[PDB]
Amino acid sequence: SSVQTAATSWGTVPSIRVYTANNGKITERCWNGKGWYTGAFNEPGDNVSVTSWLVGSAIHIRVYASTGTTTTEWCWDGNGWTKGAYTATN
């Protein structure tokens, strides 16, 4: 009956991204040290998890969105979100 969140962060400011799944809809709230705002991420899912890493000063993000037994990976690589190649025989 409650929403579910995943979070990642990078740097020392830091930057934060919080993802929230809500009735099959996943949104993103972001923080970069000046204020909270709403991010470009809007994707279907009943559950979400996230991890992130830095390549120099480039941020790369992977969000794992799941409806039922199917799980989809979304990749941020600085040029808008794109679908990843993840798979599973759940």
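Start at 1 and count along the sequence shown; that's the residue number.
- Of the two stretches examined, 72 to 80 and 7 to 15, the record assigns the greater average C-alpha temperature factor to 72 to 80.
- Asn42: CA B factor in the highest third of modelled residues in this chain (values from the PDB entry).
- Looking at the C-alpha B-factors along this chain, the one for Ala65 belongs to the middle third.
- For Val55, the recorded CA B-factor ranks within the middle third of the chain. Only modelled residues enter the ranking.
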